[PDB]
Structures are given as C-alpha cells and as structure tokens.
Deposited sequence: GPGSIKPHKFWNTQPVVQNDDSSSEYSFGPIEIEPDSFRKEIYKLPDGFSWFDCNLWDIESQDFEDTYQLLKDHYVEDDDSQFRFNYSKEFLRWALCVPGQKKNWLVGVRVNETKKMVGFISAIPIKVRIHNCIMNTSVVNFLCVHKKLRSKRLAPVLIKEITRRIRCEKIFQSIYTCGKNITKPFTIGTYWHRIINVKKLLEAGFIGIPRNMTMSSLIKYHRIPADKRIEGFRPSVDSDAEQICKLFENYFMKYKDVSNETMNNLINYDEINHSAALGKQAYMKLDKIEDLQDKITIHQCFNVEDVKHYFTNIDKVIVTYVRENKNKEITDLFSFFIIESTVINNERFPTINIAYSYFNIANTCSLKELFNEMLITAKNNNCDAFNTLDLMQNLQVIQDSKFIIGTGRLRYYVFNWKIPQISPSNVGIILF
C-alpha cells in the first residue's frame, strides 16, 4: 500500500471508541489536480434524462465489477444517491476533456449513525469506479482524496464504506448467504447445479418457498406510514442497544464538538471486555421521518418495503429488500435491507419477504449475517456464500465486532 498507510484508519499492524484525529482545521482544501486532459464534474443525477446520468449508468454497467455484470438501473441509482440532505458536489465524475468520455466516478451520501454512546452525521462512500482501461494509472486514490475533501468541507470528518478486498483493518466482516427462488433460471444460467444425487425436479421442490403458513396483514408501505415506521425503528434500536437507557437518551452529538480537539475528546470511550457487546447493535443508521419516507418506499424493480398493520392501523412489523438487475440473460437479485419482526418470528417475516421477492420476479435473495439475520439463515435452506464484505470506518475507532453488532447496509 502506497495510499492507505497515510489515512486516519485502523491498520492491519483495541477495545475503545472515538475519533482517530480531531483535525477540524488542518486538512487540505485545494481541489486535487487531475492528469492532463481530465476534469472533474458534479454528476447531474437529479435529472434522470440527463447525459451525466447516461454516462454514469454506462460507466458503472460496463466497469463496476471485480463473466457477469451487475446493472444498476437509473431509477436505482437515483434512489441510492439522491437521498435527503444530499450535496450536489458529493456525486463526483471524471471525464476526458477531448472526448467528454466519463472515465471515473465516486459518491458519498449523508447518513445519521449511532456508534456506541455517540451520534453524528457522517458519510457513506460508494460506487467508486474507474474505466477498465485507466486502471493502474493510480486514479482511484485521487478520487478518494477528492471525495474526502468534499466531505470535510461539509464539516463531516468520518465515513463508512465496504469492500470485498481487505485493505486496512475492518471493524467487521459480513458474509452473504443466498436463498434460491427460481431454480430453472439459475440452473440454465450456470449459477447453480443439480446435485449428482438428485434430479432437477427434486431440486426445484427442495428450494420452493413454503407458502402453507401465511402471515395476514402485510402490505406495501406508503408515504403516510413514515411516522409509524420512524417510531418502529427507534424501538428496534432501543431493544438491541449496547449502551444504557440513559446513554441512549443522551447520546454524545459529535457534530456539536468536532470543531475542537478539546471538546471532541468527549467522544472517547473505553470498553472493559469486547464480549460485553455480544449480540447488541453497536453501530447503525438512524432514520428521521424524511429518511424513512425516502428509503422505506416502493419503487418497481428497485426497493420493496412491506409493513404489517394490526386491526387498529398500527404498524407492528416491517420487511424490506432492494433489487439489482444483473446480466451474465437477465437475473434479478433481491438483497435484504432492514427488517423488524415483532409479532411473528424472524424466519416467518423472511418467509413472507421471500414470497414477495418471488412475486417481484427475483431469482435469488441475498442476506448478510448482519443484525439478527443469523436466526434466519442458520439451519435453513440458505446457502453460505463466498463473498465476504469488509466494513470500514474512516477516522473513528471501533473494536473488531461481530456482524450481528452492525446495522448498516450499503447499496
């Protein structure tokens, strides 16, 4: 490594929380120079008909992969990036001056997170992409340094991001598990096989989604549910919290003290034993009503959010998953988003979600072992994946924790 060694992240070479550096003042502000013939632009994902959007969609479709290609649609990208509070300058493009060919992208979105006894606005950096031909032209560190600069100028000094590769020391590692829905489609596409043991017909039967015990009262969310949903999440995070009740109701607001190395030191917290954290949520996204409205909605072939209503019009449960269309043949993959099971078991809620994914033409359903999802995927028909997702936080200390301690899902 000739870049990551110079950033405030935990290195491959503890048991406490808080900022790595409180450097409100001493960070670079001059926009970074690009190689001759390249220029930055703010990517206009606000107008779905724009040229910026076509170029971004094309760049990502052709080049965002470590075959098969994911195919983030334009509606998906607008949902995942034009979020409440988004800055125009956090959607960063690079183009060749002569041809106007988009050859790079990086994005950040603003989120609210709780980390142990602190709460803060932070950023999520995602969709880092360099045209296949310009790789090993050391362009990615520049996109990273530039998004960093644009985030710090908003007085945000931390970030969360994921990766397949191991870079520095991640605070947790998520593992994907996979539920097969459309056997025939996955078989013909070579994504799965027929166990030499059994026949195609039995394989299909083995992977059917059991629909012989159905939970009444689930329906898609609507805008007017947003306050009930906001409270539902607050109560879920209350139940699973890793701090006392008093700390939960009096979280250290880092936005208010991040301007001062004196005051910011308030955010440091030692941990007696890492096992004290066992199976509680330590870090998660926090949603206000505006956030709920945007994220927990329903957009065909992008995001599906169902709630359970009781006979008093009170929302008691929620499942949600997003959808990414892939091409090798068109394959639609659902991903588990956020799920709250209160009046049924988590397996039962997931069963209902899996049926809804099948009804939305999804061919498989992917779930990380985050939060409590291991209650679902242990001793089930889920198959463990090989894809392992490393979670990182920039400029904060988080002990290495189990994925069940993590309530953050990236797109």
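Gaps without C-alpha coordinates occur at 1-7, 21-24, 78-81, 344-349, with positions taken along the deposited sequence from 1.
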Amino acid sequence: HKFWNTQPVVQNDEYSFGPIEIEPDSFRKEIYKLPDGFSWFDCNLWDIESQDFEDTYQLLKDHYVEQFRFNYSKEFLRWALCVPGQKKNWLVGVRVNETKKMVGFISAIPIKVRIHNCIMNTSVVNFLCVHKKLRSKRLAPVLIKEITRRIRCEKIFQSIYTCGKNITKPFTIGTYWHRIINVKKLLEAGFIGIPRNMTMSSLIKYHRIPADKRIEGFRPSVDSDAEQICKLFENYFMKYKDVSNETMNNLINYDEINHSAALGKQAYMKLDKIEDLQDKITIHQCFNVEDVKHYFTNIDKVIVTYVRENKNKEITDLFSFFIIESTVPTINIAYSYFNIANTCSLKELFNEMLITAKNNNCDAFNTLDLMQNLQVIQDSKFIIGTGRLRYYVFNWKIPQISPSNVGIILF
From here on, numbers count along this sequence of modelled residues.
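Of the two segments examined, 237-245 and 87-95, it is 87-95 that shows the higher average Cα temperature factor in the deposited entry. Legend: mean Cα B-factor per stretch from the PDB entry, 308-316 versus 280-288; the higher mean is in 308-316. Per the deposited record, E216 carries the highest C-alpha B-factor of all listed residues (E275, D255, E216, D300). Per the PDB record, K270 has a higher Cα B-factor than any other of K231, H259, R152, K270. When the modelled residues of the chain are ordered by C-alpha B-factor, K112 sits in the lowest third. When the modelled residues of the chain are ordered by C-alpha B-factor, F338 sits in the lowest third.
Ranked by C-alpha B-factor against the other modelled residues of its chain, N360 falls in the middle third. Ranked by C-alpha B-factor against the other modelled residues of its chain, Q266 falls in the middle third. Ranked by C-alpha B-factor against the other modelled residues of its chain, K165 falls in the highest third.
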